[PDB]
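Enquirer: Pasting an experimental structure with its sequence.
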Amino acid sequence: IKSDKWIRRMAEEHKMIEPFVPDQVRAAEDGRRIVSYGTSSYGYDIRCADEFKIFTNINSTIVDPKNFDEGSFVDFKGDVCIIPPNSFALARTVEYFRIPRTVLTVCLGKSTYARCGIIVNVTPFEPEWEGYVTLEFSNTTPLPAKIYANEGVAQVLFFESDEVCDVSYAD
């Protein structure tokens, strides 16, 4: 696993993460407490942006992962997304990533969300992939649940291999 020193180096020298903060940010401009984001000891706490897609089952009968349909989501833009009970929403990160050929990442939800039964599911970032990261949130509780935009939601952990891969994501 790569360290906070390494993450900093990669952000500043190779634009791995943009926008990037070198430390933990634990409060907003006003001093209001937020779910923290930024560089961590052995990872990076990513933020949720304010554009959400809330799943709706209205007028549908089946979830078909091979036929992803924007029609089964309600667009919501705002500071706090409300996920219906026992259902899910999608969002994207504030951060844009550019992953080196030598790196794979995994991403795990923060305790703030997990402890309330909100499970963030993010798939590994592949070497030479670039993009905003798609976040999914399963609300596994029987009440509506809040997700706070512009604040931390998950921690990305960065692994390097002993061998460069033959075929990267770009190849």
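Expert: Nice, thanks for sending it over. Numbers count the residues shown, from 1 in each chain.
Enquirer: In the chain, what residue spans correspond to strands?
Expert: In the chain, the strands defined using DSSP state E lie at 17-18, 24-27, 33-40, 43-55, 73-77, 80-83, 87-98, 103-109, 118-121, 130-139, 145-148, 152-160.
Enquirer: got those strands as CSV, with distance to residue 4 and mean neighbour count columns?
Expert: Heads up, the C-betas are built off the backbone N, CA and C, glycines and all. As requested, these are exported to CSV (distance: least, Cβ to Cβ, whole Å; neighbours: other Cβ atoms under 10 Å):
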stretch, distance to residue 4, mean neighbour count
strand 17-18, 12, 17
strand 24-27, 10, 13
strand 33-40, 5, 18
strand 43-55, 8, 21
strand 73-77, 32, 13
strand 80-83, 29, 18
strand 87-98, 16, 19
strand 103-109, 15, 18
strand 118-121, 21, 18
strand 130-139, 19, 18
strand 145-148, 24, 19
strand 152-160, 10, 20
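Enquirer: Residue 2: which of those is closest?
Expert: For residue 2, the closest of the strands of the chain is strand 152-160, at 4.3 Å, according to Cβ to Cβ.
Enquirer: Show me what the closest one pairs with in its sheet, parallel or antiparallel.
Expert: Partners of strand 152-160 in the sheet, by DSSP bridges, are strand 43-55 (antiparallel), strand 103-109 (antiparallel).
Enquirer: of all these, which lies closest to residue 152?
Expert: Closest among the strands paired with strand 152-160, using Cβ to Cβ: strand 43-55, at 4.3 Å.
Enquirer: What sits closest to the most centrally placed residue in the chain if chain neighbours are left out?
Expert: Most central in the chain under Cα atoms, centre = their mean is residue 135, positioned 4.6 Å from the mean C-alpha point. Residue nearest to residue 135 in three dimensions, not counting chain neighbours: residue 91, with 4.6 Å by Cβ to Cβ, 6 or more residues apart in numbering.
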